[PDB]
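Visitor:
Chains as they are written, first to last, in the UniProt record's numbering: chain A, 2 to 80, 85 to 105, 131 to 291, 306 to 353, 361 to 476, 493 to 546; chain B, 2 to 76, 80 to 83, 87 to 105, 135 to 291, 306 to 357, 361 to 476, 493 to 546.
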């Protein structure tokens, strides 16, 4: 009828669907790791080191329904994976084991008093979920085995947003709708925070009710079904295609949604911005819901919905890969991209419906995508066995966090595709040797030099089934 | 001629024989990494991540003549805690936007002097040293003539009184002592007190033992050497000889009548004499230590030194005893926390052997990381100098990328003995060297005594002409 404090933690993670814990086993948390095997459904990923585990945790959080992941660390050795998690808003629950970086984590919690310990853990899990940012939880070894009532688990953690103050909300939905009426050629622009703070149906509803052109950032790619006839591509300012650059920069009204950072309405998590006016406390989620109720009637200044944008033996070019990759993708696919050729190549690729984008371009922490893939893989397993997890990475980037491919093998992650873009770089490795070396129970490797080989692979129906873990090495020119 | 501040740093490292820089390239130090290729002889190791680079740097420092290694970081998280507690002089240069001693280089007048002071403190106190260098200052010109004035690395003399009081008191206990013993830990190796220890064994004829950490501090052929103390886990005969003693002369203990000689201080019973540095303390002790020895003292005998089916599987017992036959002078013997760290204890080390066994801090993956640094240091010192690693198959995985580093820099001096015991995810460990593309290599699995006995007697295998990995199969026990 009373449970250990250590167990309470893992039982809370289970309630919020976080059924994989990342980290490297270490002294002062070993007692805590025993608790995992008391909770039915939990598993210990067992990563090579902590840096890798943080990447893994991040990836896992981007695929978790609640946007949450659990990472265990230890004093000293145990602690950048969290520095780049914070700046890209991902709710990693950090539990540091301490004996018996307040900048790059939302709320610190030091569990000294076993009376308020449960409450302190709950406050941190809530803050992780709501604000979608990392959260440190200090737990001394002596306290991991302190009994607390099992009834504490029945009082489920409140994860509700504090309602927007009606006045500021009313003033924003009023003003925004005025600009919409004035707007000749409005556009919608969706960035990552739209994905993060769960505003994708809202964005879908907004595209329908306005019939405005919609574009995403690289970081906000997969926020919008790219088969939507209102989708007009990926804006990257100067580096955008001339036709996409035109459509966005021609607009007199931009409805920016979740912009991380003319008539510009920027919807943010904590606040809303209209031109140079800032309305602090106006959270986008509710703002957008209240907007959709009446947005239809605002958009009728006689607006006309605006229109929106190699030889089989020849070596596979960047251009040809990213266009033809579109044909192979399917609904629900986790598309992961590494900083480098992959991160900007994948931009031009067309994504399927309910696609999940994971491309650390903003923080650009080399090795992340391979690390992250391990987390996304394990999260997909727990969600939907048919859900495929595809990685595009340079051969170099792979090396830094290579051991997390062993983790994928250990947990029979038969949903993951490991596309390794080789371009002569570093120390060259026989990358196709990794899966058999790491002892994947079921696997397939394939080198691809020419267009013909690539076209076969994607049209191959048996290859498209996640029945085994695969690594496809794609040879590219030194350029 | 005026040179960049960034270059001055690497030129100073070169003077002190630190001809390899560890770290992962990052923004705010990229400008600094260009300077390395201006200095003739320097190379950028290029490690997989920073944690690994620190392990590498540590290993490198244990093989460097001056006990020094250079590590570059950027504004560094997962790092040096286990370097500090085991006294190793890692020079930490953190690249910042525009550990014993911290130095932030703000003023380009005292910058050179500040760098010199840090390099000196690393060397003298044998501990990590952070050096803040803002990006804007890495390209600040200074005279090349500054390099002609070599850094003073001379020790501050011990304050005579504390020194005199210690050598007095210690010698009183020695006179009273019935069965004294000597115990040598790592800091003896670190602060250059091995001839001192040799001199002390001669002049006293006392039994001498080392810690695991302090193994290779004493020539194990010395007839006064009585093995490796590990408290409760020591062999009963070694446990007896040390714990029976009424006086213990502990030398470099990192941490009855106990004299502990430490780097910054000396301890006699519960009395602490701060400022009494062991190096000079021991020199002053040796001058008069002979006459202090109890006249009644009979040199006490040294315990243990105790003692095979070719088809039978290789047992722990048999490996560590017969490994002794294969070892040679100058060999770097590295051991991982686990089966290796405590197994290697029983092994007999050759003359001028270098022991590297992080048992104290026990940071899993270290030994494989460290091996990469020791390897590169041995290359620069003596091409005949062999670097041997014993690690569990699991430990290897954590810092595996540093074997690719060994391959990249053609570390043909390193032997990678991988003790397999059925484990974690089992790997085909022998596949690593060919996957990492070692230009010259040899792999060998060893299941039975016969295969092992062949390997050690094999004359061509014993030459460091290629990088090797020997997988040794063991029972779960």
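Backbone N, C-alpha and C define an ideal beta-carbon position, used for all residues, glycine too.
Using the Cα positions of residue 21/A and residue 47/A, report the straight-line distance between them to the nearest angstrom.
Guide: Numbered from 1 along the first chain, position 20 holds the residue referred to as residue 21/A. Numbered from 1 along the first chain, position 46 holds the residue referred to as residue 47/A. Each residue's alpha carbon lies about 10 Å from the other.
Visitor: Measure from the alpha carbon of residue 144/B to the alpha carbon of each residue in 225/B, 5/B, 193/B, then state which is nearest.
Guide: Start at 1 with the first residue of the second chain, and residue 144/B comes out as number 108. Considering only alpha carbons, the answer is 5/B.
Visitor: Looking at C-alpha atoms only, which residue of 135/A, 153/A, 171/A is the closest neighbour of residue 7/A?
Guide: The residue given as residue 7/A occupies position 6 in the first chain. When only C-alpha atoms are compared, the closest one is 171/A.
Visitor: For residue 512/A, which residues does DSSP report across the bridge?
Guide: On the first chain, position 445 is the one that residue 512/A refers to. Per DSSP, 538/A.
Visitor: Chain B partners of residue 504/A, CB-CB under 9 Å?
Guide: Within the first chain, residue 504/A is the residue found at index 437, counting from 1. In chain order: 496, 497, 498, 500, 501, 504.
Visitor: CB residue 17/B to CB residue 51/B, shorter than 7 Å?
Guide: Numbered from its first residue, the second chain carries residue 17/B at position 16. Numbered from its first residue, the second chain carries residue 51/B at position 50. Contact: no.
Visitor: To be precise: take each residue of the stretch 445–462 of chain A, compare its Cβ to all Cβ atoms of chain B, and keep it if any distance is under 8 Å. Which residues remain?
Guide: 450, 451, 453, 454, 457, 458, 460, 461
Visitor: Taking residue 420/B as the query, report the chain A residues whose CB atoms sit under 8 Å from its CB, ordered along the chain.
Guide: Position 367 of the second chain, counting from 1, holds the residue named residue 420/B. In chain order: nothing, as chain A lies at least about 14 Å away.
Visitor: So, is the C-beta of residue 49/A closer than 7 Å to a C-beta in chain B?
Guide: Along the first chain, one-based indexing puts residue 49/A at 48. Yes, residue 49/A counts as interfacial toward chain B.
Visitor: 7 Å is my cut-off, CB to CB: does residue 88/B come that close to chain A?
Guide: Position 81 of the second chain, counted from the first residue, corresponds to residue 88/B. By this cut-off, residue 88/B is an interface position.
Visitor: Evaluate contact between the stretch 265–272 of chain A and the stretch 191–205 of chain A, counting only Cβ atoms and requiring at least three cross-stretch pairs below 8 Å.
Guide: no
Visitor: In whole angstroms, give me the CA-to-CA distance for residue 282/B and residue 306/B.
Guide: Here residue 282/B is taken as the residue at index 246 of the second chain, counted from 1. Here residue 306/B is taken as the residue at index 256 of the second chain, counted from 1. Looking at the two C-alpha atoms, the distance is approximately 6 Å.
Visitor: With a threshold of 7 Å between beta carbons, is residue 82/B in contact with chain A?
Guide: Locating residue 82/B in the second chain gives position 78, where the first residue counts as 1. With 7 Å as the cut-off, residue 82/B counts as an interface residue toward chain A.
Visitor: Could you work out which residues of chain B lie near residue 52/A, taking near to mean beta carbons separated by less than 9 Å?
Guide: Taking the first chain and counting its residues from 1, one reaches residue 52/A at position 51. Under the 9 Å cutoff, chain B gives 50, 51, 52, 81, 82.
Visitor: To the nearest angstrom, report how far apart residue 340/B and residue 239/B are at their CA atoms.
Guide: Position 290 of the second chain, counted from the start, is the residue given in the question as residue 340/B. Position 203 of the second chain, counted from the start, is the residue given in the question as residue 239/B. Going from the Cα of residue 340/B to the Cα of residue 239/B covers about 5 Å.
Visitor: Give the DSSP bridge partners of residue 472/B, in chain order.
Guide: Position 419 of the second chain, counted from the start, is the residue given in the question as residue 472/B. As computed with DSSP, residue 472/B is found in a beta bridge with 445/B, 541/B.
Visitor: Around the C-beta of residue 140/B, are 16 or more other C-beta atoms found within 10 angstroms, so that it is buried, or is it exposed?
Guide: For the purposes of this step, residue 140/B is taken as the residue at position 104 of the second chain. When all chains shown are included, residue 140/B counts as exposed.
Visitor: Relative to the C-alpha of residue 404/A, which candidate in 459/A, 254/A, 242/A has its C-alpha closest?
Guide: Position 353 of the first chain, counted from the first residue, corresponds to residue 404/A. Here the closest residue by C-alpha is 254/A.
Visitor: Does the stretch 29–39 of chain A come close enough to the stretch 398–412 of chain A that 3 or more CB-CB pairs lie under 8 Å?
Guide: No: the two stretches stay apart, fewer than three of their Cβ pairs being nearer than 8 Å.
Visitor: Below 7 Å between beta carbons is the criterion; list the residues of the stretch 405–417 of chain B that meet it against any residue of chain A, in chain order.
Guide: Correct list: 416.
Visitor: Does the beta carbon of residue 99/A come closer than 7 Å to any beta carbon on chain B?
Guide: Translated into positions along the first chain, residue 99/A becomes position 94. Chain B, which has no Cβ nearer than 7 Å to the Cβ of residue 99/A, makes this no.
Visitor: Measuring alpha carbon to alpha carbon, tell me which of 54/B, 526/B, 374/B ends up nearest residue 393/B.
Guide: In the second chain, the residue the question calls residue 393/B occupies position 340. Measuring from the Cα of residue 393/B, the nearest candidate turns out to be 374/B.
Visitor: Tell me the residue span of the alpha helix (DSSP H) that contains residue 211/A.
Guide: To locate residue 211/A, count along the first chain from 1; it is residue 181. Note, residue 211/A: alpha helix (DSSP H), 196–212.
Visitor: Are the stretch 273–288 of chain B and the stretch 367–382 of chain B touching, with three or more C-beta to C-beta distances below 8 Å?
Guide: In short, these stretches do not touch, since the Cβ pair count stays below three.
Visitor: Using only CA atoms, which one of 280/A, 509/A, 415/A lies nearest to residue 28/B?
Guide: In the second chain, the residue the question calls residue 28/B occupies position 27. It is 415/A.
Visitor: Run through DSSP, which three-state label would residue 461/A get?
Guide: Taking the first residue of the first chain as position 1, residue 461/A is located at position 410. Three-state result, residue 461/A: helix.
Visitor: So is residue 264/A in contact with chain B if we call contact Cβ pairs under 7 Å?
Guide: In the first chain, counting from the first residue as 1, residue 264/A sits at position 234. Output row for residue 264/A: interface = no.
Visitor: Kindly indicate if chain B contains any beta-carbon less than 7 Å away from that of residue 165/A.
Guide: To locate residue 165/A, count along the first chain from 1; it is residue 135. Judged by the 7 Å Cβ criterion, residue 165/A is not in contact with chain B.
Visitor: Assuming residue 57/A and residue 445/A make a contact with CB atoms under 8 Å, what is their CB distance in whole Å?
Guide: What you label residue 57/A is simply residue 56 of the first chain in a count that begins at 1. What you label residue 445/A is simply residue 394 of the first chain in a count that begins at 1. Not really, about 19 Å apart at Cβ, beyond 8 Å.
Visitor: Flag residue 471/A as yes if its beta-carbon sits less than 7 Å from any beta-carbon of chain B, otherwise no.
Guide: What you label residue 471/A is simply residue 420 of the first chain in a count that begins at 1. So no, residue 471/A is outside the interface.
Visitor: Short check: CB of residue 331/B to CB of residue 316/B, under 7 Å?
Guide: Within the second chain, the letter at position 281 stands for residue 331/B. Within the second chain, the letter at position 266 stands for residue 316/B. Yes, they are a contact pair.
Visitor: Tell me which residue opens and which closes the beta strand (DSSP E) that residue 166/B is part of.
Guide: Position 130 of the second chain, counting from 1, holds the residue named residue 166/B. Its beta strand (DSSP E) spans residues 165–170.
Visitor: For chain B, is any of its Cβ atoms less than 7 Å away from the one on residue 77/A?
Guide: Along the first chain, read from residue 1 onward, the residue named residue 77/A stands at position 76. Residue 77/A counts as touching chain B.
Visitor: At the level of alpha carbons, what is the spacing between residue 514/A and residue 524/A?
Guide: Taking the first chain and counting its residues from 1, one reaches residue 514/A at position 447. Taking the first chain and counting its residues from 1, one reaches residue 524/A at position 457. Near 10 Å, if we compare the C-alpha coordinates of residue 524/A and residue 514/A.
Visitor: Span of the beta strand (DSSP E) holding residue 421/B?
Guide: Along the second chain, read from residue 1 onward, the residue named residue 421/B stands at position 368. Looking at the DSSP string, residue 421/B is not in any beta strand (DSSP E); the run it does join, the alpha helix (DSSP H), is 419–434.
Visitor: Against residue 30/A, what residues of chain B qualify as contacts under a CB-to-CB distance less than 8 Å, listed in chain order?
Guide: For the purposes of this step, residue 30/A is identified with residue 29 of the first chain, where counting begins at 1. Chain B residues near residue 30/A: none, gap ~14 Å exceeds 8 Å.
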